[PDB]
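These are the residues of each chain, in order.
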Amino acid sequence: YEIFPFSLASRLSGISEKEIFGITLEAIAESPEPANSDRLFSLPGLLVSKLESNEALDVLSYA
Amino acid sequence: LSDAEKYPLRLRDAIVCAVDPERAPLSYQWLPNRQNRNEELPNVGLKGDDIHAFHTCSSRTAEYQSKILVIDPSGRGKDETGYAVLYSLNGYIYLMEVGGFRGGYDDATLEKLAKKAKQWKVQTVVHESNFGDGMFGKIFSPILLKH
């Protein structure tokens, strides 16, 4: 289920999705609270926009 | 033959009746007999499972104690969402609707479920929860309230 429609917001605002994920990651890096398990198992799906494929294959082989 | 323990559940051991939506008798008595047996309803049960009505019951009737709708939402992939409608009175439990709808969290399925919650004048909605999903109640509640 899609709680927040990235494509529609991307089209209306004029911001690409790759920058929306950056806006989320910078706010994660500054926050004082500890993370919980559901947050931790959903971070690779956001970080995957940064990686080259030869790096993502290493991440998969590690996982 | 393992016939006495192979299947725990038999249709012989329940009462079938055309109950009234507002009042019901306060007690019943069970005896399967040729006078009480049904013969027209379709029967998928294994051989010898015969649908029977009650034999005798009280003449005193009153309104039911509690009324529940139960939902099993669809998981991953395609399957039907299950639901059931039950009331209770004293030791007896009454079953009045069971069925399913096919789909996901689309507006048609949730609209139909809200209308079904309206139709029987139910009192509480109950559903199962797993894995810390946390979605279905928050999704469903703003759609239910207008009905």
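All residue numbers are counted from 1 along each chain's written sequence and may depart from the entry's numbering; residues that have no coordinates are not represented. Here chains are named by letter from A upward and ligands by number from 1 upward, in the order in which they appear as written. Bear in mind that the chains are drawn from a larger assembly and that all values refer to what is shown. Excluding hydrogens and water, the side-chain values take into account all heavy atoms of the structure.

- Listed as the method for this PDB entry is cryo-EM; the listed resolution is 3.4 Å.

## What about the sheet that holds strand β7 (residues 92-102) of chain B?
Residues and elements named next belong to chain B.
Stage number 1. A pair of strands is considered paired only if DSSP assigns at least 2 bridges between the two. Only DSSP runs of H or I reaching four residues or more are called helices, and only runs of E reaching two or more are called strands; each is numbered from the N terminus. With respect to topology, 4 strands assemble into an open sheet ordered β7-β6-β5-β8, the strand pairing being mixed. The open sheet has two edge strands, β7 and β8 (124-127), and neither has a second partner. On average, each strand axis in the sheet is tilted by 20° relative to the strand beside it, whichever way the strands run.
Stage number 2. Examined bridge by bridge, strand β5 (residues 66-72) and strand β6 (residues 80-89) share 7 bridges and lie antiparallel to one another. The partner of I71 across the bridge, within β6, is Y83.
Stage number 3. Pairs of residues are marked as contacts when any of their non-hydrogen atoms sit within 4.5 Å. The angle between two axes is taken between their N-to-C directions and runs from 0 to 180 degrees, where each axis is a line fitted to C-alpha atoms and a helix contributes only its stretch in contact. Contacts from helix α1 (residues 107-119) reach β5, β6 and β7, with the element oriented near 160° to β7.

## Structural notes on the packing of aromatic side chains
We describe a pair of aromatic rings using the distance from one ring centre to the other and the angle between the two ring planes.
Residue and element names in this part refer to chain B.
Stage number 1. Planes of paired rings set the category: under 30 degrees apart is stacked, over 60 is edge-to-face and the rest tilted, where pairs are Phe, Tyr or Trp rings (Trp by its six-membered ring) whose centres lie within 6.5 Å. The final tally for this structure, using the stated rule, is 11 aromatic pairs over all chains.
Stage number 2. Here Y28 and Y92 contribute two aromatic rings whose centre-to-centre distance is 5.3 Å and whose plane-to-plane angle is 90°, an arrangement assigned as edge-to-face. Residue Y28 is located in strand β2 (residues 28-29), and its partner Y92 is located in strand β7; the two are separated by 64 residues in the primary sequence.
Stage number 3. Think of it in three bands: residues with accessible area under 20% of the maximum for their type are buried, residues over 50% are exposed, and the middle band is partly exposed, with areas taken using a 1.4 Å probe on protein chains only. According to the relative accessible area criterion, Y28 is buried, its value standing at 17%.
Stage number 4. For the ring pair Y64 and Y87, a centre distance of 5.1 Å and an interplane angle of 70° mean the geometry is edge-to-face. Residue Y64 is found in the loop between β4 (61-62) and β5, and its partner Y87 is found in strand β6; the two are separated by 23 residues along the sequence.
Stage number 5. Given a relative accessible area of 10%, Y64 falls into the buried group.
Stage number 6. On the basis of relative accessibility, which here comes to 4%, the residue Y87 falls in the buried class.
Stage number 7. Through successive ring pairs, a cluster of aromatic residues spans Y28, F54, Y64, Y87, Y92 and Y94.

## Structural notes on the packing of α1(B) against helix α2 (residues 136-144) of chain B
Residue and element names in this part refer to chain B.
Stage number 1. Packing of α1 against α2 brings their axes to within 10 Å, and their N-to-C directions diverge by 65°. The two elements α1 and α2 meet at a crossing, and its hand is right-handed. Note on element contacts: α2 touches α1 through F136, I139, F140, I143 and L144, opposite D107, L110, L113, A114 and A117. Here is the rule for handedness: rotate from the far helix to the near one, and if that takes an anticlockwise turn smaller than a right angle the crossing is left-handed, while a clockwise turn gives right-handed.

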